[PDB]
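Peer 1: coords below, sequence missing:
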RNA sequence: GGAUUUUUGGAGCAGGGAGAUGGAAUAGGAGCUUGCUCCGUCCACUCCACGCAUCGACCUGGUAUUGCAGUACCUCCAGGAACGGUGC
């Protein structure tokens, strides 16, 4: 799963109506970040659950990591990143870290989405010499730290876990 | 919690700054009448700021009456001194300065750059309390008064002249009833005049003046204010006379005068007071009402162009001899021809000569600087901005092609014999591996 | 220095409780094992000490807030206009005096 | 002058709401570009559950508030 | 950094996810709360997240207030006269603030339309009988902090604090 | 000529509108076919007549002399009218 | 002069013909001046029928409403241009 | 000769229009057109059993206006 | 270019009865202030036909769902009605 603006939340009360539900979700997600839109239906296809669109993937991730199992309408609901992009966003330590145990089958596109999850990095270099290795540099060292702490033990193609460490001098 | 000292110091600083700002405003001048009215309200406001500080200071004696015992000791001291130091021995490492201890009330009770505004004084003015026909003290608010006089009278034999001749008198004969709703209408009109007088005079002691006027209505008008020789005295609101002062005083304690009529001394006191306020404002601003009457007369009789405007408030080239050059020379030089330079702010040039020079002439140099595209040869004779952009893009691509970037081409094989560019080469070189 | 300003204010508050030029709340505290070099007369901070003292005197005098209340300032547009014109008039006198001094220097 | 798009609604059973709270069910057969209608077997039910059919009525577009067609036509 | 009218005029006022007319303050850090009148009553929600707001007071006279977002705050205490300026204000997103005392929400009873509030991660939330004092002193609120008020807890909140 | 609000209602044709007529009638449903005479033949509408019971019916036809208002899709905020 | 085009693009509270209101940023206009209100608010009266209960004005979300010339009566200007 | 130009020959003169919605608006109307289309500018309007509301830019309709009241010192011969 | 689909308009009208029930700090006229009596504008409770029926949220419990979606309003019982407005 990747960082998206929409933060999904499931297992809210179904005895709570959709209007007050989206009201309370907006209230609890304004403290997390910029609530831009709210996708909440009351039909059994998405009943009892709702996805609130943050104007930041950092904001939706903040809400998902702060409110994991959050006491919400009678029973703590579970919040995480949306599976894909929402309609709203759809219409919308070092400089470099070395990635190890990387798949020699991995795709550059998914690799770029992952390295740019934290604000867009400089590049990723999947080494065509010594296989199963990368060297990725960031346009921001703060994003570098964030993505590297997230990536130490990163899960992509779970057949392996790829790790990002502070690349030496 | 030292109230004897801290309150006095704060009030003293605030009041010094307030008096200084007011004295500066009254020692300088404002050039406009709008400046004059805004500054007069501001001077009343500075006096009210000084007054609020003084009202907070003159009551803070509930701690002083008992602190005169505690601060009057010459036996204690350095013990409490060292204790205050033991508290003041917290970290003060906020290594920086800020003057916000004694220099603030200057920018609290001072003036502004383009219009005289302090910190609080940014929105204080006669803007919401001034009429356009008024001018911040030149005309009055009486057009609605005339409309209401019409809607009350129901006659077409009442104009500005009759309205002024009726509404100027203080105690002159009414043309409209003080026993009918005409009294309430006059009360409302004199209320508008009193609002003009209350917005025009913020430097007069309004509380004392209103108290003196209430004392006047309670003492000198109800105590025979219009002397005479039945004919001794009559009532302004009652419409009843007295055989003498004795008859007046004995009939003011009579039965029909107290409550035995709709025009008695209890149900008609407000109407008498409104008539009094109206007549008093008229007779005080007779020079203001006289200026308004002269205004009305001139604005009603003057010409329309000046009246509306007062209510609202060949081309040949120039030769070397400062003369216009011949028409045939003009035709030859093709100056009549207009060339639009959009990048130059939709500028227009005459003459293809000037037009061609214009690309190295300054205004186009700027236009292209603003665009972010260097005024180089390649863009000369391009004028539309979208075109300049697109061309700049393809030229970016061109120079990018012909340039030599080692970072991207220079291909490096690793010890494992497979190729990287030198960028990744040095990357994973110092990144512990290559 | 906010702490230094507060300390100078405290020194002025202690000098408002001084009884003589020698016997007050600063004398012993000068040598009482704590740092106080602000009583020295040459350091520019003595000016802040003295100005705090002048304000402490103008606020600790009888009308400064000790046992009486002055209301011609707290409710007085008449006194306000008087004192404001008087400050402007002292300003005008000083303007004429500075002009005289400049002419004499010329 | 525009004619309406009533050629599909022609020959359809329509329950229309006319002004005064009236409910008339009838058959559209041919209309005038002003929507000036003639309704076959037009049954205009009063406020109560009592209704009557009147056959041929030139109804108003000033009084017709809206109309619905119960078939897909 | 003084709170001013530029940080009001450059703000966003729109119809947000909850169909409320919200004025938003992204990145404000304003520790001075005043002068919101020129909001012009085209708004019902007032969000001022990322603010250094030390106190809960200082708001002007609006008739149609619907939501108040004091999210990510630094409030020390709360001012009282919020009710005459918020006649029918109902939602208060007031978590992440330094509320402790049972008297830190004493002005809350003046809210007539109060329906929902969130004051989480505050030293006042963790206390026993805290939701009791909540559902007592805000008698109008039927849900607070993502859980409705109930007849049994309301009876207990009446019994206690007597 | 042709009015741009009417052009926005044309851009909202086919899709769902939420109109309100003279009698408070709130019809929320697909407004299919319409004219410059504001005579719109619509379908799939929940017509309530302002009484609270909206009924889900087909092939309604609402004029415009009664038309109090009509909500048209927000996604037309980029319609060529306003820009 | 087609005057409205100078005050358009900014938010006005228009009236209905039945005493209600429609507050929004006026988008575009026509001959008959039937209005196009974007993200419109419909602030109407609620029948009090009592002196012991207040008088409230509730507004629902209309969005982009194309209000007919039978609703456009008088429209004050109340909002900044969004 | 319809009253079109009698209504339209007016700009920013203190007049009093009566809207057929039981309301009155007095002030300096901005400009009038041929079909009784007049705007309001800084106008004070009193509604049916209501308050003296102020309008900075209000757009008064034509047939929803019930009457007009001109100035008192205006020659109707020179106006119509 | 005011005769059925947008601006020379079909708008405006007033809130069901009654009882030795109450109120008009500041506003009623008469019996030529107060004390008392009458009458033409509401609300609060109580009586009748709680104005009724309909439905849309809504307050309480109990009750099912764990459900990846660009939205009139969505599980169900029951109520007491705090609301919107329709037919008389």
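Peer 2: Cool, got the structure. Residues are numbered from 1 along each chain as shown, chains lettered A, B, ... in the order given.
Peer 1: going forward, measure contacts between C-alpha atoms and count neighbours the same way
Peer 2: Noted.
Peer 1: in chain H, what residue is nearest chain G?
Peer 2: Proximity of chain H to chain G (Cα to the nearest Cα) peaks at residue H:58, 4.0 Å away.
Peer 1: what about residue B:90, how many neighbours?
Peer 2: Neighbour count of residue B:90, defined by other Cα atoms under 10 Å in any protein chain shown: 9.
Peer 1: could you do residue C:85 as well?
Peer 2: Neighbours around residue C:85, by other Cα under 10 Å: 19.
Peer 1: who's the closest spatial neighbour of it, skipping the chain neighbours?
Peer 2: Nearest non-adjacent residue to residue C:85, counting by Cα to Cα, 6 or more residues apart in numbering or on different chains: residue B:23, 5.7 Å away.
Peer 1: what of residue B:53?
Peer 2: Looking at residue B:53 with Cα to Cα, 6+ apart, the closest residue is residue B:11, at 5.5 Å.
Peer 1: tell me, how many residues neighbour that neighbour?
Peer 2: Residue B:11 has 20 nearby residues by other Cα under 10 Å.
Peer 1: okay, and the beta partners of the residue most central in space within chain G?
Peer 2: In chain G, the residue lying closest to the centroid (Cα atoms, centre = their mean) is residue G:22, at 2.1 Å. Counting by DSSP bridges, residue G:22 forms beta bridges with residue G:14.
Peer 1: quick check, it in contact with residue G:40.
Peer 2: Yes. Using Cα atoms under 8 Å, residue G:22 is in contact with residue G:40, at 6.1 Å.
Peer 1: confirm the residue of chain H closest to chain G sits in a helix?
Peer 2: No. Under DSSP: H, G, I helix; E, B strand; the rest coil, residue H:58 sits outside any helix and is assigned strand.
Peer 1: need the contact list for the closest residue to it other than its chain neighbours.
Peer 2: With Cα to Cα, 6+ apart as the measure, residue G:76 is the residue that lies nearest to residue H:58, at 4.0 Å, once sequence neighbours are left out. By Cα atoms under 8 Å, 6 or more residues apart in numbering or on different chains, residue G:76 lies in contact with G:12, G:13, G:14, H:55, H:56, H:57, H:58, H:59.
Peer 1: over to residue B:235?
Peer 2: Contacts of residue B:235 (Cα under 8 Å, 6+ apart): residue B:241.
Peer 1: quick one: neighbours of residue C:35, just the number.
Peer 2: Residue C:35 has 9 neighbouring residues, counting by other Cα under 10 Å.
Peer 1: any idea how far residue A:113 is from residue A:148?
Peer 2: With the distance defined as Cα to Cα, to the nearest Å, residue A:113 ends up 14 Å from residue A:148.
Peer 1: again with residue B:122
Peer 2: Taking Cα to Cα, one finds residue B:122 at 52 Å from residue A:148.
Peer 1: about what we covered before: which of residue A:113 and residue A:148 has more neighbours?
Peer 2: A count of neighbours by other Cα under 10 Å puts residue A:148 above the other of residue A:113 and residue A:148, at 24 against 14.
Peer 1: OK, contacts around the residue nearest to residue C:85?
Peer 2: C:81, C:83, C:84, C:85, C:86, C:87, C:88 are the contacts of residue B:23 under Cα under 8 Å, 6+ apart.
Peer 1: that one and residue E:92, how far apart?
Peer 2: For residue B:23, the distance to residue E:92 - Cα to Cα - is 48 Å.
Peer 1: check residue A:40 too.
Peer 2: According to Cα to Cα, residue A:40 stands 21 Å off from residue E:92.
Peer 1: give me the more crowded residue out of those two.
Peer 2: Ranked by neighbour count (other Cα under 10 Å), residue A:40 and residue E:92 place residue E:92 first, with 23 against 19.
Peer 1: for the residue in chain E that chain D sits nearest to, grab phi and psi.
Peer 2: For chain E and chain D, the shortest gap (Cα to the nearest Cα) falls at residue E:19, measuring 29.8 Å. Phi and psi for residue E:19, reported as degrees, to the nearest 10, are phi 50, psi 30.
Peer 1: let me see the ranges of the strands in the chain.
Peer 2: Just going to use chain A. Ranges of strands within chain A are A:6-10, A:35-40, A:50-54, A:78-81, A:96-100, A:121-126, A:133-138, A:154-155, A:161-166, based on DSSP state E.
Peer 1: not quite, go with chain H.
Peer 2: In chain H, the strands defined using DSSP E lie at H:14-19, H:23-28, H:38-46, H:52-60, H:65-69.
Peer 1: next one: the stretch 101-250 of chain B
Peer 2: For the stretch 101-250 of chain B, applying DSSP state E, counting those that start in this stretch gives strands covering B:233-234, B:241-242.
Peer 1: would you list the phi and psi of the residue nearest to residue B:183 when sequence neighbours are not counted?
Peer 2: With Cα to Cα, 6+ apart as the criterion, residue B:183 has its nearest non-adjacent residue at 6.1 Å, and that residue is residue B:271. Torsion angles at residue B:271 (phi, psi; degrees, to the nearest 10) stand at phi -70, psi -40.
Peer 1: surely residue B:271 touches residue B:185?
Peer 2: No. The criterion here is Cα under 8 Å, and residue B:271 misses it with residue B:185 at 9.8 Å.
Peer 1: so what sits against both of those two?
Peer 2: Joint contacts of residue B:271 and residue B:185 (Cα under 8 Å, 6+ apart) do not exist.
Peer 1: and of the strands of the stretch 101-250 of chain B, who's closest to residue B:163?
Peer 2: strand B:233-234 (25.7 Å; Cα to Cα).
Peer 1: residues making contact with that closest one?
Peer 2: Applying Cα under 8 Å, 6+ apart, the set of residues contacting strand B:233-234 is B:224, B:226, B:227, B:240, B:241, B:242, B:243, B:244, B:245, B:248.
Peer 1: who wins for neighbours among these?
Peer 2: residue B:248 (22 neighbours).
Peer 1: now name the helix or strand holding the spatially most central residue of chain E.
Peer 2: Ranked by distance to the mean C-alpha position of chain E (Cα atoms, centre = their mean), the top residue is residue E:92 at 3.4 Å. Using DSSP states H and E, residue E:92 sits within strand E:91-93.
Peer 1: so what strands line up beside that strand?
Peer 2: Strand E:91-93 is paired, per DSSP bridges, with strand E:67-69 (parallel), strand E:116-118 (parallel).
Peer 1: columns mean neighbour count on top of those, output as TSV?
Peer 2: Formatted as TSV, the strands paired with strand E:91-93 follow (neighbours: other Cα atoms under 10 Å in any protein chain shown):
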stretch	mean neighbour count
strand E:67-69	25
strand E:116-118	24
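Peer 1: next, count neighbours for the residue nearest to residue B:183.
Peer 2: Neighbours of residue B:271 under the rule other Cα under 10 Å: 21.
Peer 1: check residue D:10 too.
Peer 2: 17.
Peer 1: please apply the same query to residue E:103.
Peer 2: Quick note: residue E:103 (other Cα under 10 Å) scores 12 neighbours.
Peer 1: how much space between it and residue B:190?
Peer 2: Distance of residue E:103 to residue B:190, computed by Cα to Cα: 51 Å.
Peer 1: is stretch A:44-57 positioned near RNA strand I?
Peer 2: Yes. For stretch A:44-57, a contact with RNA strand I is found by Cα under 7 Å from any atom of the strand, at A:44, A:45, A:46, A:47, A:48, A:49, A:50, A:51.
Peer 1: grab the nearest non-local neighbour of the fourth one.
Peer 2: Using Cα to Cα, 6+ apart and skipping the chain neighbours, the partner closest in space to residue A:47 is residue A:41 (6.0 Å).
Peer 1: what's the burial count for that neighbour?
Peer 2: By other Cα under 10 Å, 16 other residues sit near residue A:41.
Peer 1: so what's the residue count around residue 15?
Peer 2: Assuming you mean chain A. Applying other Cα under 10 Å, I find that residue A:15 has 10 neighbouring residues.
Peer 1: nope, chain G please
Peer 2: Neighbour count for residue G:15, taken as other Cα under 10 Å: 23.
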